[PDB]
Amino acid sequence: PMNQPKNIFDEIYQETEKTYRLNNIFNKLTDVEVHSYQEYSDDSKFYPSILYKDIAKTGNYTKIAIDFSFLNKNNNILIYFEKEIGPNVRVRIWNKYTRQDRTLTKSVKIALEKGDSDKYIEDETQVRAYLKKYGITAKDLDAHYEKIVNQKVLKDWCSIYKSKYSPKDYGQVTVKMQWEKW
């Protein structure tokens, strides 16, 4: 009552924190696997991480995941996904909702595949050079975000939880997009 969700990301965060030790709400979503990974700050605890199953991934999308950080000072949900954009190169679109300032920050990174390993690139100038090389515009980034975050991840949430929000009306949330002027 005192701390009801103010937007769809609060709703996901709070219902997952309420259920992840008892019977994770995402057990209800058949397209994903639920994982438990060791918390860095408390050796006695695990955080939940959601990974879309291969059956549930489309076209060039290689990964779709939701990580929950409940224990740290900048606690948050992170929804991210990755798509191949050229030979040995993937774009990663990174959408982090920070609880303490009710802010969703959308950003773009690059992964370079060098055989076994990935090398990760986040510096804005380098990222934009890769995007320009492979012809990815800000409008393309919006379309990828709409397709995966709104039409898949958040639509999936609304299929397992009776949301007070929706993929087209997030609620009260400050949205900051790295590529807004690109």
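One-based numbering along the sequence shown.
Novice: Do the C-alpha atoms of 149-157 or of 116-124 have the higher average B factor in the entry?
Specialist: It is 116-124.
Novice: So which stretch wins on mean C-alpha B-factor, 107-115 or 76-84?
Specialist: Between 76-84 and 107-115, it is 107-115 that shows the higher mean C-alpha B-factor.
Novice: Just to confirm, going by the entry's C-alpha B-factors, which of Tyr52, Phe26, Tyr47, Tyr130 comes out highest?
Specialist: Answer, based on the entry's C-alpha B-factors: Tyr130.
Novice: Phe68: which third of its chain by C-alpha temperature factor?
Specialist: Bottom third by C-alpha B-factor.
Novice: Among all modelled residues of this chain, ranked by Cα B factor, put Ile136 in the bottom, middle or top third, i.e. lowest, middle or highest.
Specialist: For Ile136, whose C-alpha B-factor we compare with every modelled residue in the chain, the answer is the highest third.
Novice: By the recorded C-alpha temperature factor, relative to the other modelled residues in its chain, which third is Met177 in?
Specialist: Middle third of the chain for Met177's C-alpha B-factor.
Novice: Name the third of the chain's ranked CA B-factors that contains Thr58, choosing lowest, middle or highest.
Specialist: It falls in the top third of the chain.
Novice: Can you work out whether the C-alpha temperature factor of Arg92 puts it in the lowest, middle or highest third of the chain?
Specialist: Within its chain, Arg92 is a middle-third residue by C-alpha B-factor, going by the deposited values.
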